[PDB]
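Step one of this worksheet: look at the structure below.
Throughout, protein chains are lettered first and strands after them, A, B, ... in sequence-line order, and every chain is numbered starting at 1.
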Amino acid sequence: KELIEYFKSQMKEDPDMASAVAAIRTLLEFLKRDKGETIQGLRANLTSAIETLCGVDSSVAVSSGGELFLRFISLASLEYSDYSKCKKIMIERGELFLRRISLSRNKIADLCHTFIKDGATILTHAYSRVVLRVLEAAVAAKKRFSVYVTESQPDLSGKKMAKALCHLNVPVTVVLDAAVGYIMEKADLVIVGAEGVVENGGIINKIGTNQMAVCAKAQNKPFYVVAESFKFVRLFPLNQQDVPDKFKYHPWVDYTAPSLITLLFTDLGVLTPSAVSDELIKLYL
Amino acid sequence: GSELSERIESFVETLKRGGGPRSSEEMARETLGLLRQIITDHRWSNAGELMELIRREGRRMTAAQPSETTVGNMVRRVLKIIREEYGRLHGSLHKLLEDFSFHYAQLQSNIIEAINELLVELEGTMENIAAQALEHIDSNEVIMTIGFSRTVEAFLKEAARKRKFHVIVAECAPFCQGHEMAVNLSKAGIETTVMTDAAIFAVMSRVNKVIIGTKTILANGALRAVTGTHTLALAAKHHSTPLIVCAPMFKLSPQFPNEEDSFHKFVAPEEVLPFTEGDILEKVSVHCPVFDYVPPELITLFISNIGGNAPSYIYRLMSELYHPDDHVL
Amino acid sequence: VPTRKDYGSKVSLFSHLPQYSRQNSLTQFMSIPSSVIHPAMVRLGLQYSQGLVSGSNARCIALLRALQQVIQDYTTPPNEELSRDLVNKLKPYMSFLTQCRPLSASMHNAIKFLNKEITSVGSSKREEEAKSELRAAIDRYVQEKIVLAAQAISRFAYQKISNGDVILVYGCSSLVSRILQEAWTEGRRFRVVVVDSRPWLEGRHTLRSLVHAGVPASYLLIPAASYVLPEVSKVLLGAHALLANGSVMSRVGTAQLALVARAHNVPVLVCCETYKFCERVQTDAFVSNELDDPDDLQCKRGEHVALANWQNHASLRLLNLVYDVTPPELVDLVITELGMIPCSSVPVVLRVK
């Protein structure tokens, strides 16, 4: 088809860009193709596309972006119940939404880079563009710090993060996945990216994040999390088993409770683990 | 007129040199009166010029004393009032899925009316907070406090007329201000006791409740209290005892623990180590922090003029009080 | 109507709460055709005192039906508006009901809503129309906040219950029983563990209801909860009220159960309606609680009662607590008709209503 190809094309011009933003761009672009003038036909065709896209890419971010797009179309449906000017106004609002989501990363970096002090040691788990941007803005602010990255045994992405950080002239250091407890005392704060924010405040991240959060809680170490707004998902896992199996697939993801998180840096502002629930309730997604 | 300028300069100088109004209520009242005066006798037509003028003056007042956040709170409150009144006369995730150059006529009068309403509410906050004393205090109860706070003093002495309890007061080492509070409480027959900070944990096994006052409330529900409150909260959390904070709405600042080192106010070491020690003062490094940081996780409840609430809802009060664009000021 | 006299010696820590006896009722000093108090309110107070209606929603439903009857039977006097007359006339009835038995949070919220609605009636509208509108508002409120809210909470909790689960319930709550019965009828295959406590022994109600429904159930007392939790997979609890600080006010044996559950690493869930969300705050059960009849502590063990005559000993006290409060740090999820929300989102829902 065209959905698969367009998704892969948007993923390929810029590797940097996340999967959910690319999926939202593909959905809005396919919205221009729509010929049916009935609302359930538009709804079902687009929902089919979002499920197929989610099948292609097993990630929580893609599903979150799809859920947000359907909720935004439902609001634009409660506009007038028209689907005559509704498609037009919806396209404009969607373009505005895309431009706004583009600046999310810069807003998160400019808001989170202030919590890093000169001479402090940072502890990161895996590669993430958001934490990389935060660190680049901190070093851009005439700051000096040391970073410890976990190798991320499932896929050697921690080494990629360390390479991209050492390229910015920062004394990075790679540690073993089993050494997260040995270097926890030599870290002043922990900053990691989140793949998806659950209803209560927890985060769905790489398999090696919950144990690090546990060690941080055991040593009173600030555990900060950086994530965008399009990663908010209406899930409520009670333990490591309540997480959907489609997101885990040696699992590739785990859930972290909000009691182990100190603060959250999102494009909407710096928030606590409980404010995200209020935001999700306000959206009624 | 230059009288406004003379008043602004005097206010900035008195805040930067030493402390001004002793009570926080008087500080907020003085700030609100100065803001109302700046609004009344000044050349402003549009909302943007007035807001920028207030922003520059408030920035100056805050730079004069950064630990005095009650003034930044009043400036931000006045800014929010101006924005709301301008939107009333001119016309998140759910939201996401502005010029101030129009010049009206009755904007100044209603701004002043709103400021007077805020003043009357500021005046009534003390009784509104003190009225909730019997809901948390019981007979033959033991209460522990630290320092000297008018809000906590009223909260405690308002329930002594109908309940009988034992109050423990821990003095502050740099400025022993708890003695005055203990004396004022004993003057009303509450069976008060005075002690040092070193015996906080040693005596915190027979305590049943803790009620304290703060200087400002941060955004994530943490406090900037006098030195010694962090240890009190730690002891409370170790013994799983509720820690109540009686603070009005004007003690709420829209900032998270972003900053570093300039959080606490450092005064001369004369209070900690006297000047008559000898030559060891050239080698010994003495530090005297007045305030400290108390995380939100160690707090249990916040008794305000609009009723008690949990720290996990203070963010909403922030969204309700201040505008996100006026956080930096 | 005279004061409801107390019974027995109260405890030193609960010396500010009333302590009554079920044998001595307050309807003894009243006229047989009740003149000052409405007959419906008299019967309701008698049922509350005798323990015939024991439950948060059963009490609220009975109170609302009695109020409907009173409004149907009440005619407004002349030279006065009805909007204030009905509130002033209902005040002593509420006083009498409180004298019979302390009111619950559900009853308080219902009375507040009814007073607001009565005050909202205009002075120009007629009497029959206003009475009909009040009766209809009462019925729609019951339908929306009790029956439809219970269906929405059961529909939301059905996804949390899975096959092979071991759910642990406590006390008697109609919402939990309905949730379990609907999950069992929808095809889920699990087993419930019923925990009970003295002296009410109301868990047997849910036990028999589940046996009648066909769900495999177990029964045991609360001191042995630490023995059955290792095999328990979920803990479903009912709540009578949710304070503004997120703390859960429910039956006395809930906070201890939640504490033991967290120690055994078992996720705890709470089911409550939005009309039971109280705006007040409390940190522990000492400053505000309810002391039931102390003679319920007496037990026939062996051939003699050790507490047969407890009042002879002036040093012996009998404490019979009813409600208790749980901190938000021991509650994992809260189920409501709005959706599954954490416990630290209780004020946000209070915001929207």
Check whether more than 12 heavy atoms from other residues, nucleotides or ligands sit under 6.0 Å from atom [atom1] of [X], and answer yes or no.
X      : atom1 : answer
C:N163 : CG    : yes
C:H264 : NE2   : yes
C:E279 : CD    : no
C:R351 : CZ    : yes
C:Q159 : CD    : yes

For this session: Before accepting this row, confirm whether a basic side-chain N of the pair C:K160/A:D242 lies closer than 4.0 Å to the acidic partner's carboxylate O.
Result: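 Salt bridge: yes.
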Shortest non-hydrogen contact between [X] and [Y], atoms and distance:
X      : Y      : value
C:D332 : C:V266 : OD2-O, 4.4 Å
A:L285 : A:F232 : CD1-O, 4.2 Å
C:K276 : C:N109 : CA-ND2, 3.6 Å
C:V325 : C:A285 : CG2-N, 4.1 Å
B:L218 : B:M318 : O-CE, 3.8 Å

Could you tell me whether a side-chain N or O of [X] sits under 3.5 Å from a main-chain N or O of [Y], the two making a donor and an acceptor?
X      : Y      : result
A:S64  : A:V60  : yes
B:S304 : B:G307 : yes
A:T266 : A:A227 : no
C:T185 : C:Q181 : yes

Anything under 3.5 Å between a donor and an acceptor, one on a side chain of residues 192-202 of chain A, the other on a protein residue two or more places apart or in another chain? List them.
from	atom 1	to	atom 2	distance (Å)
A:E199	OE2	A:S277	OG	2.4
A:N200	ND2	A:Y255	OH	2.9

Problem set entry | A:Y224/A:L189 under side-chain contact (heavy atoms from CB on, under 4.5 Å): CA gap, chis, key distance, verdict | CA-CA 7 Å; A:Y224 299 108; A:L189 63 151; 3.8 Å; yes
Problem set entry | Positive for side-chain hydrogen bond (donor to acceptor under 3.5 Å, both in side chains) with C:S56, one of C:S106, C:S104, C:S173 | C:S106
For this session: For the residue pair C:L321 and C:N289, establish whether any side-chain heavy-atom pair is separated by less than 4.5 Å.
Result: yes
Problem set entry | Note, A:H250 side chain near A:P154 side chain (heavy atom, < 4.5 Å) |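 Side-chain contact under 4.5 Å: no.
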Exercise. Can A:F115 and A:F265 be said to form a ring pair (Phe, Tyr, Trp, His ring centres under 6.0 Å), step by step?
Worked result: CA-CA 10 Å; A:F115 279 73; A:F265 301 94; 5.0 Å; yes
Problem set entry | Of all pairs that satisfy ring-ring contact (aromatic ring centres under 6.0 Å, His included), the ones with a partner from residues 331-353 of chain C, not counting sequence neighbours |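 Pairs touching residues 331-353 of chain C that pass the test: none.
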Exercise. Can you name the residues that form a salt bridge (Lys or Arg N to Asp or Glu O under 4.0 Å) with A:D267, not counting sequence neighbours?
Worked result: none
